[PDB]
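Asks: Residue numbers (the deposited numbering), protein chains in the order written: chain A, 60 to 142; chain D, 60 to 142; chain C, 61 to 141; chain B, 60 to 142.
Ideal placement from N, C-alpha and C gives every residue a C-beta, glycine not left out.
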Amino acid sequence: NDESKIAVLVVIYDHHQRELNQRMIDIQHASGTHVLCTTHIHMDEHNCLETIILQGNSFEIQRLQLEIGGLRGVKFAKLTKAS
Amino acid sequence: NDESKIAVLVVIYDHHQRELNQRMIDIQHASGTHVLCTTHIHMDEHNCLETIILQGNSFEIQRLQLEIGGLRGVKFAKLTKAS
Amino acid sequence: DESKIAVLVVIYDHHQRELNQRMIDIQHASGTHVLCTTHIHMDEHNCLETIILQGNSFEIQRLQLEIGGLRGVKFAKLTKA
Amino acid sequence: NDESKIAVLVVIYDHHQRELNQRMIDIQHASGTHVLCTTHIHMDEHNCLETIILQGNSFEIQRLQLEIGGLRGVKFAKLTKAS
Ligand code: NI
Ligand code: NI
Ligand code: NI
Ligand code: NI
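1. Taking Cβ positions only, does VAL67/C come closer than 7 Å to chain B?
2. For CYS96/B, which residues in chain D fall below 8 Å Cβ to Cβ?
3. Within the continuous beta strand (DSSP E) that includes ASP103/B, where are the two ends?
4. Determine the burial state of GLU62/A: buried for a count of at least 16 other Cβ atoms within 10 Å of its Cβ, exposed for fewer.
5. Report the three-state DSSP secondary structure of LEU130/D (helix, strand or coil).
6. Compare the C-beta of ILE84/C with all C-beta atoms of chain D and state if any pair is closer than 7 Å.
7. Quick check on the contact list: which residues have their beta carbon closer than 6 Å to a heavy atom of ligand 2?
8. Taking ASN106/A as part of the beta strand (DSSP E), name the residues at either end of that continuous run.
9. Of all Cβ atoms in chain C, is any one closer than 7 Å to the Cβ of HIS105/D?
10. Along chain A, which residues have their Cβ under 9 Å away from the Cβ of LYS64/D?
11. What whole-angstrom Cβ distance do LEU79/A and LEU113/A have, given they're in contact under 8 Å?
12. Mind listing the chain C neighbours of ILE120/D? Cutoff is C-beta to C-beta under 9 Å, in chain order.
13. Between the beta-carbon of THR97/D and the beta-carbon of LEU123/D, is there less than 7 Å?
14. Kindly indicate which residue of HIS88/D, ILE84/D, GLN76/D, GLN81/D has the alpha-carbon position closest to the one of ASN106/D.
15. Out of curiosity, what's the CA-to-CA distance linking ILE65/A and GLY115/B?
16. Give me the chain D residues within the contact set of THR92/A, using Cβ-Cβ distance strictly less than 7 Å, ordered along the chain.
17. Under 8 Å Cβ to Cβ from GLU119/C, same chain only, skipping five residues before and after it: list those, please.
18. Are there 16 or more other CB atoms within 10 angstroms of the CB of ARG82/B, so buried, or fewer, so exposed?
19. Kindly indicate if chain D contains any beta-carbon less than 7 Å away from that of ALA141/A.
20. Distance check for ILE84/B and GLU126/C, CA to CA, integer angstroms please.
21. For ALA136/C, which three-state DSSP category applies?
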C-alpha cells in the first residue's frame, strides 16, 4: 500500500510453548514503529490473551499478522482493521 | 451459553463529542460484564482507539457492544469473540 | 534535553463533571508525549489509569501537574525511568 | 478487615535476555495475586517497559515484585501503591 492505517491483532496462545514469547516479542521489536503497544491478560494456566495495537499500511500489517499468527502454540490470531 | 467467555471490543471514537468519554466509561462501570481493562491510543485530534477487554455470557457482551455502538461520536465498534 | 519514559498512575472518580474531557483534552493536545493509557474500573466511583509518557523530565513533570491537579483526582503518582 | 488492594508494578527489562519474557509471564500466571493486566511498550532493541496492574494483599504483591526484581535482565522494578 501507501495508505496509513490502525489495527488490532488479538492473540491467544499458551506461554508454556517453548520459545513462543521470545519469537513474538522479537518480531515486534524488529518491526520498528509498526507496534504501538500490547495488552496482556493471563487467562488461566495455559492461556494468555494479547491485544497488539498496530499501525502502518495494509500490507505491512497483514504481514505482521501472518508472522505472529503462524507461530507454533498460537491458538487464535485475529486482525481487526480500523482506520 | 451459561458460562465464561472472553471478547475484545474495538472502538474508534471522536473525543470532541460532548460527554462521550465519560458516557463510555459509565456504560462500562454500570455493566454486569466484568470489563477486565481498556487500553486507549490518542490517534489524533479527532480519533481515539480503545480496546476493551470483556468477560461474561454472550448476552451481556452483546449488550455492551450495542450500547457503545449506539453512541453519537463512535465511528467503529467491532467485537472479537475470543475465548 | 534527554528523552525519558514515565508512568503516571492516577485514580479518579469518573462521576466528576468534565474530569474525563479535561484529561483526554490534555493528552490529545500533548502531541507524542502520551504513548497510551490503560484503565481499570475499580468500583462505582474509582477508576485507576496508568498513563505512559515519553519526553524530557520537564515536559513530563508539567503533564503530571496538569492531570494531577484536576478536581476529582484522588491520586496522581509519577514513576520516572 | 480483609485487605485486597491495588498496585502498579513498573518494569524495564532487556528482551534479549534468555527467556526473560517467558519467565516474567510464568511468574505472573503462578502468583496468588490477581494480575489484572500487563501493558507493554517496546522501547527499543534492548528495552521493554511493562505496567503490571495487581490486586491482592500486600504480601503477595511484595512477593511478585521481589520475584520479578530478581530476574537477570530486569533493569528497573518499582511498585506504586494505589487505593
Ligand atoms: Ni499470560
Ligand atoms: Ni484519546
Ligand atoms: Ni473506570
Ligand atoms: Ni518489548
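Replies: Looking at the coordinates:
1. yes
2. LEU95, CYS96, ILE112
3. 93 to 103
4. exposed
5. coil
6. yes
7. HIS74/D, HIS99/D, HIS101/D, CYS107/D, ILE84/C, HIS88/C
8. 106 to 116
9. no
10. In chain order: nothing, as chain A lies at least about 11 Å away.
11. At roughly 19 Å, the Cβ-Cβ gap does not stay under 8 Å, so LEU79/A and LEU113/A are not in contact.
12. Ordered by position in chain C, no residue passes the 9 Å Cβ test against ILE120/D, which lies about 16 Å from the chain.
13. no
14. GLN76/D
15. Cα-Cα distance, rounded: 35 Å.
16. Within 7 Å Cβ-Cβ: nothing; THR92/A doesn't reach chain D, min ~13 Å.
17. Closer than 8 Å at Cβ, skipping near neighbours: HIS93.
18. buried
19. yes
20. Roughly 34 Å separates the two Cα atoms.
21. strand
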